[PDB]
Amino acid sequence: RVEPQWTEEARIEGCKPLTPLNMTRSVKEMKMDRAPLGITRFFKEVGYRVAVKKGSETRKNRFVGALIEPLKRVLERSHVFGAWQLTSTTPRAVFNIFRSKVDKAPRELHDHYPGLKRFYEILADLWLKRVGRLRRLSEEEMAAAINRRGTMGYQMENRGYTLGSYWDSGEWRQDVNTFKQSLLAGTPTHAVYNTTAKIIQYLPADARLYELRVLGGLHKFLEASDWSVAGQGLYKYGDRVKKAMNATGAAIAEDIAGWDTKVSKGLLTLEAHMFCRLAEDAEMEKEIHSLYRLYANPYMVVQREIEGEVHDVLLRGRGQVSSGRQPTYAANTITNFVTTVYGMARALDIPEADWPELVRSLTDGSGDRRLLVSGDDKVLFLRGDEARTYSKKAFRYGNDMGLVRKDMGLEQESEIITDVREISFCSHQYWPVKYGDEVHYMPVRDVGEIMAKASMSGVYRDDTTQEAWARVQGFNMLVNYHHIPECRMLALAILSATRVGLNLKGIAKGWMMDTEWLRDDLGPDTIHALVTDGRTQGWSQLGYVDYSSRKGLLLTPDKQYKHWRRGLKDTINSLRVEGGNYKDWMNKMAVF
Amino acid sequence: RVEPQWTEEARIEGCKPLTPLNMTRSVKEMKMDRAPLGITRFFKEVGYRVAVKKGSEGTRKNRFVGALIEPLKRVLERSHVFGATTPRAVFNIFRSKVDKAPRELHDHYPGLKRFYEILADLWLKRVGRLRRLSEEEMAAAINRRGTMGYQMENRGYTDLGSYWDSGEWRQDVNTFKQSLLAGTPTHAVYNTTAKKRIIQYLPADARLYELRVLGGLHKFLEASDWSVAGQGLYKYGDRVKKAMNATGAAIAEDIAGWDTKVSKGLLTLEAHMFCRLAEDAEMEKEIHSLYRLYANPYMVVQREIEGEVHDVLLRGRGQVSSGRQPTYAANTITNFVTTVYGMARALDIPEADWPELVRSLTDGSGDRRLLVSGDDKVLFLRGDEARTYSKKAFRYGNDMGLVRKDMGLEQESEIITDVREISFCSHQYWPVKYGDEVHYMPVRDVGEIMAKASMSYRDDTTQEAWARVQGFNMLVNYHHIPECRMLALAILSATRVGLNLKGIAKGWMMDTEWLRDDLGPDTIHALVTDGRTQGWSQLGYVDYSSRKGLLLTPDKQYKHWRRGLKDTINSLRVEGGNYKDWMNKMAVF
């Protein structure tokens, strides 16, 4: 049907264009048994196979699901609970979703690249003074970050055991090394992204290792900058927000709808060029620029159903951001920060001569302008009069680049936030909680979502791997939500109904970062050392949210709520295995 | 006066001789001017400098710990080993402790080569080849607070840890790698430190080199049931008790001054075994070249003759150095092999049966088990194979130059039966009940325990952190000793919450994961009984009837100390500091 046609990529002065590489080698590895059908709008098709693969995986946890069963009435009536009921998605839906979310052409033609280039450079200059050059990741740094439970792709489905399994075999070593030769020469292998739906776009197991080896060092600057929250956990997000409000007073927190599909190849060029000025050696400079030649103009495969014939459809795009690659989070955060500050300076009449200082003040954390970035999520903190000017003028600079704000008019003025408790960052709001003599702001979300992710899971041994997965969520719920009464009561029930001495740290190694507090000997002072650095101690000093705020996103202490609390004891015992080493009631650690 | 080493270095069939290296490069870095005096008997003198420097140090009593255990000083001195530098006196120590010629001539080398090889063969099949240590791996093991040596003291470098981060060691170690690999090695003279026991340390450049090649020896010792490398003192007891239950009779003999009694011939079987275990052929040259400096070494020691202090250069042969990363690993394997060889020769174990002995011992199967840690061992045998070993085996040791401490040269070994009287790593191991489980936990003279916590002035927030670190250690390893738990709890109550426990004093301490302010009873449970127990009320003690001798008795002075522990804690408490709630409420008053 429709055949794709798009505007030519604009070239940017002082930048190296990300020219496409010869991808004839990688398309060999897919084997389409037919010719294109051309039903896509942005993505040009190359061919379709027939019923080569399907997409399957998700069960409710017996331990968590039984503890929150008495609560299922209130959670569904007043909260976002049960909104994750989605069977293994049929290939028709994965196509209509791919056509209505990713089949969009980014805006690659706009005159904001000159200003955006200098902001990328000014950030690159500050980075080199205070952190240094981007050092490649060694073999030990990769292993700590790799997702051990990952599929290696159809392209290496034939090779053998399937990611952690092949990290121990040792076959990954020359994989990454053979890919350096393939990419810089321009004939890369295994460079077609795979598609999964639950649209995540993932690559084979190696090259991920190449990306992590070359672009995993971006983590250092984000940790060292007051505009990023890399490394720290949710329990520290709130006090960061409260610090920025006290200096500014007005906050603008806007989302971009489908950020991954709205990044242009030009932004991807200004990115590489910034990371080239950060590379350690000249060889690394070629490695970053050659990798972004594959990052831009990608190739991928998607399925469809078309009333009978499940197909395997290869497609190619331009300049879009890959959902499943590891170092994407770092790049997204940097390129968001840059695009946002550029529009801010353009709206506040900040002359270019003051731009080198603006980036330093924002990275150091001084001045009437503070910012907080984390992927597609940002909160801009500004002074009262500066925030009103940002509201009436700044959206024109975002819309030129193709970044349209979600649930808002194209030229609608930004909403100025006054109550710090109305600031949405990393899907959570932040409410004040009393810790002894100190008050800290702690992540609050709809309780329904919280409990839904603790119950809805892929397993490796069903039970006793499911039990371990239950208390691992129990520990997470106690560390990050001990201030919500419902979540501590549950977390302590989960910890009481699950066995002492399971492979907690060993299981869920890929997803779980900061696993230091995932141990059976955890106690109240463990959370204290995270929240207030140990300056507090005791269950009696671990505070809760205000009573007046125990509503809305959080549960109300009504008759149904009391009934669930009453039944928690019995349910814990109904879950306990005969003669298991079960910790004492962790529920005796909250006053009834 | 005379220097007649003339012990005619032995030759071993099938081994590469440890030929001496050209040390003309290293002696220049010593800047020696005067002529030898030749007071040494084994070590050959080359020259001495004049009073360039001396030695200064501070062994100070911790204000925090010392004040807590002061009411106990009366009884600790009456009944225990409590209360226990001059360049002149450093020399006369080194003359009576190190200035001894090792026995290099004996015909036990053929049999010892095979045992070195057959263990080298099992290790290749069960572990693999010896892999060099990466730079990260080197960091996790370096002692950050160490001197870099007199040769590099002039550079301005104040301590090893700070200039380990500079990265300039990489150029230092590679350039030094060329010298050692093909003659005229640089920075190759060992330097000496007093320890009131002469420590022999090598410059920071070489320390990193030996760690890069021979640091991976740790792994092989972790895979074998005859080492305790890696595991903490809280796991030593149960390892001893497991061996007793299969054998019944134990023999624990110490060698007096083991470092000074190893011969170069043993160092040749050492190097060659590690050469048979090296990953590549280049590593083989690296291990052998390093053992060319290890054998026939050079070193400088101070002395005071007629009121003149001198830096006296000397040279020996085939002795083992204290300050090396691979020395503990080597000394353990070397101790293991010389021991098993003697046991095979005394129990009449055919040479055709030796490959199974070394496997049974590594796997931990049979009526024959061994426990090795540096110069320390306990040989576990059956009741009647222990009677044969006691009467016949010392002759094989005495031939190799390894004479037993405080025993007759040919005196019969003493066969031990009571598990609680076995001595491994300066500790005995008494049975303690952890709920329904019983585990053997390390005991020792309490006088020696509490002394080390006191390091026996001035204060510093590192002196406070050093007391808290000693208090967490005392609580994990000696909570069964009642007095040590009370002291450990008193230390934890009088030390502030939130110091840099893990950061400072970390270099000597290994496995510091439980050094944390949120420690609690189940932290010790997860160590002793893998978490199968829980709660203070399940953290057991030694038998009351055994609260005597090595341990304190609950007499009037002990109770008096207990009463006064409350006020002493407070008297130490800084105003307005976050002090962990009385960790002493966790014991019965």
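Suppose the filter is surrounded by fewer than 19 Cβ atoms within 10 Å (Cβ to Cβ) and assigned to a strand (DSSP E or B); does B:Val378 pass it?
no
Could you check the stretch B:118-175 and list, in sequence order, the residues that are out of contact with any helix residue (DSSP H, G or I) (no Cβ under 8 Å at 6 or more places or on another chain) and aliphatic (A, V, I, L, M)?
B:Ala140 - this is the single residue of the stretch B:118-175 that is out of contact with any helix residue (DSSP H, G or I) (no Cβ under 8 Å at 6 or more places or on another chain) and aliphatic (A, V, I, L, M).
I'm checking my understanding of the structure. Among residues of the stretch B:265-312 that are out of contact with any helix residue (DSSP H, G or I) (no Cβ under 6 Å at 6 or more places or on another chain), assigned to a strand (DSSP E or B) and among the hydrophobic types (A, V, I, L, M, F, W, C), which one is surrounded by the fewest Cβ atoms within 10 Å (Cβ to Cβ)?
The residue in question is B:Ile305.
Which condition does B:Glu410 not pass, out of (1) assigned to a strand (DSSP E or B); (2) farther than 30 Å from B:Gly531 by Cβ, if it passes all the others?
Status for B:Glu410: all satisfied but (1).
Are any residues in the stretch B:326-364 farther than 23 Å from B:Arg395 by Cβ and not hydrophobic (A, V, I, L, M, F, W, C), and if so, which ones?
Hits for the stretch B:326-364 are B:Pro326, B:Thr327, B:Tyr328, B:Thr332, B:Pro355, B:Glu356, B:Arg359, B:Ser360, B:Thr362, B:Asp363, B:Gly364.
Answer yes if at least one residue in the stretch A:401-414 is in the same structural domain as A:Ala244 (by TED's automatic domain parsing), hydroxyl-bearing (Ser, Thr, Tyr) and either closer than 28 Å to A:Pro327 by Cα or more than 25 Å from the chain's Cα centre (by Cα) (or both), and no otherwise.
no
Could you tell me which of the residues A:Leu553, A:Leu568 is closer than 22 Å to A:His428 by Cα and either surrounded by 11 or more Cβ atoms within 10 Å (Cβ to Cβ) or away from every other protein chain (no Cβ under 14 Å) (or both)?
Of A:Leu553, A:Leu568, the one residue that is closer than 22 Å to A:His428 by Cα and either surrounded by 11 or more Cβ atoms within 10 Å (Cβ to Cβ) or away from every other protein chain (no Cβ under 14 Å) (or both) is A:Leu553.
Taking the conditions exactly as written (in contact with a strand residue (DSSP E or B) (Cβ under 9 Å, 6 or more places away or on another chain) and surrounded by fewer than 18 Cβ atoms within 10 Å (Cβ to Cβ)), does A:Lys262 satisfy them or not?
In short, no.
With B:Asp543, B:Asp522 as the choices, which residue is in contact with a strand residue (DSSP E or B) (Cβ under 8 Å, 6 or more places away or on another chain) and either more than 12 Å from every other protein chain (Cβ to nearest Cβ) or not β-branched (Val, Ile, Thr) (or both)?
Result: B:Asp543 is the single residue among B:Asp543, B:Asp522 that is in contact with a strand residue (DSSP E or B) (Cβ under 8 Å, 6 or more places away or on another chain) and either more than 12 Å from every other protein chain (Cβ to nearest Cβ) or not β-branched (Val, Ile, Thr) (or both).
Looking at the structure I just gave you, is A:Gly14 in contact with a helix residue (DSSP H, G or I) (Cβ under 8 Å, 6 or more places away or on another chain) and among the small types (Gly, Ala, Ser)?
Against the criterion (in contact with a helix residue (DSSP H, G or I) (Cβ under 8 Å, 6 or more places away or on another chain) and among the small types (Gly, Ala, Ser)), A:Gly14 qualifies.
When B:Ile416 is evaluated against the numbered criteria (1) surrounded by fewer than 16 Cβ atoms within 10 Å (Cβ to Cβ); (2) within 30 Å of B:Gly342 (Cβ to Cβ), which criterion, by number, is the only one it fails?
Answer for B:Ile416: the failing condition is (1).
Could you look through the stretch A:487-514, keep only residues that are β-branched (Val, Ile, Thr) and away from every other protein chain (no Cβ under 14 Å), and pick out the one that is farthest from A:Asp525 (Cα to Cα)?
So, considering only residues that are β-branched (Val, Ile, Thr) and away from every other protein chain (no Cβ under 14 Å), the one farthest from A:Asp525 (Cα to Cα) is A:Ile507.
Which pairs turn up if I take residues in the stretch A:576-592 that are within 13 Å of chain B (Cβ to nearest Cβ) and look for partners that are of a type in the set (A, V, I, L, M) and surrounded by 16 or more Cβ atoms within 10 Å (Cβ to Cβ) with beta carbon separation below 6 Å, at least 6 apart in sequence or on another chain?
Qualifying pairs under 6 Å: A:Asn581/A:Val500; A:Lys583/A:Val500; A:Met586/A:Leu492; A:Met586/A:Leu495.
Does A:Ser548 qualify as being more than 14 Å from every other protein chain (Cβ to nearest Cβ), within 17 Å of A:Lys434 (Cβ to Cβ) and of a type outside the set (D, E, K, R)?
When the stated conditions are applied, A:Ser548 passes them.
Considering only the stretch A:69-85, state which residues are among the aliphatic types (A, V, I, L, M) and either in the same structural domain as A:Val447 (by TED's automatic domain parsing) or surrounded by 13 or more Cβ atoms within 10 Å (Cβ to Cβ) (or both).
A:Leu71, A:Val74, A:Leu75, A:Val80
Considering only the stretch B:382-389, I want to know if a residue exists there that is assigned to a helix (DSSP H, G or I) and hydroxyl-bearing (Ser, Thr, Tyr).
Yes: the stretch B:382-389 contains one or more residues that are assigned to a helix (DSSP H, G or I) and hydroxyl-bearing (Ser, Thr, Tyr).
Can you spot a residue in the stretch A:464-486 that is within 14 Å of chain B (Cβ to nearest Cβ), assigned to a loop (DSSP other than H, G, I, E, B) and surrounded by fewer than 23 Cβ atoms within 10 Å (Cβ to Cβ)?
No: the stretch A:464-486 contains no residue that is within 14 Å of chain B (Cβ to nearest Cβ), assigned to a loop (DSSP other than H, G, I, E, B) and surrounded by fewer than 23 Cβ atoms within 10 Å (Cβ to Cβ).
Check the stretch A:501-521 and report whether any residue there is outside any loop (DSSP other than H, G, I, E, B) and either touching a helix residue (DSSP H, G or I) at 6+ places or on another chain (Cβ under 6 Å) or farther than 20 Å from B:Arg532 by Cα (or both).
no
Which one of the conditions (1) surrounded by fewer than 13 Cβ atoms within 10 Å (Cβ to Cβ); (2) more than 30 Å from B:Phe274 (Cα to Cα) does B:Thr24 fail to meet, given that it meets all the rest?
The single condition B:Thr24 does not satisfy is (2).
For the stretch A:62-80, indicate whether the set of residues that are among the basic types (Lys, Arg) and under 21 Å from A:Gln320 (Cα atoms) is non-empty.
No, because not a single residue in the stretch A:62-80 is among the basic types (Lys, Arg) and under 21 Å from A:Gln320 (Cα atoms).
Of everything in the stretch A:528-540, what is buried (at least 21 other Cβ atoms within 10 Å of the Cβ) and facing chain B (nearest Cβ under 9 Å)? Give them in sequence order.
A:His528, A:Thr536, A:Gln537
Among (1) in contact with a helix residue (DSSP H, G or I) (Cβ under 6 Å, 6 or more places away or on another chain); (2) assigned to a helix (DSSP H, G or I); (3) among the β-branched types (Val, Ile, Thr), which single condition is A:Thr526 missing?
(1)
Name the pairs: first residue in the stretch B:45-59 and in a strand (DSSP E or B), second residue of a type in the set (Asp, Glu), Cβ to Cβ under 9 Å, at least 6 apart or on different chains?
B:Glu45/B:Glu3; B:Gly47/B:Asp33; B:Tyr48/B:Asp33; B:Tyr48/B:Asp311
Here is a yes/no grid of residues against (1) small (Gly, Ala, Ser); (2) assigned to a helix (DSSP H, G or I):
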site: B:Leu72; (1), (2): no, yes
site: B:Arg78; (1), (2): no, yes
site: B:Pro102; (1), (2): no, no
site: B:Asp107; (1), (2): no, no
site: B:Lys113; (1), (2): no, yes
site: B:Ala120; (1), (2): yes, yes
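Among (1) surrounded by 14 or more Cβ atoms within 10 Å (Cβ to Cβ); (2) within 14 Å of chain B (Cβ to nearest Cβ), which single condition is A:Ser138 missing?
It is condition (1) that A:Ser138 fails.
Please verify whether A:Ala230 is part of a loop (DSSP other than H, G, I, E, B), under 27 Å from A:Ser414 (Cα atoms) and outside the structural domain of A:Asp125 (by TED's automatic domain parsing), treating the condition exactly as stated.
yes
Numbers and lists here come from the model and the stated rules, or from a named source; no laboratory read-out is quoted. No Cβ is skipped: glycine too gets one built from the backbone with ideal geometry, and neighbour counts run over all protein chains shown.
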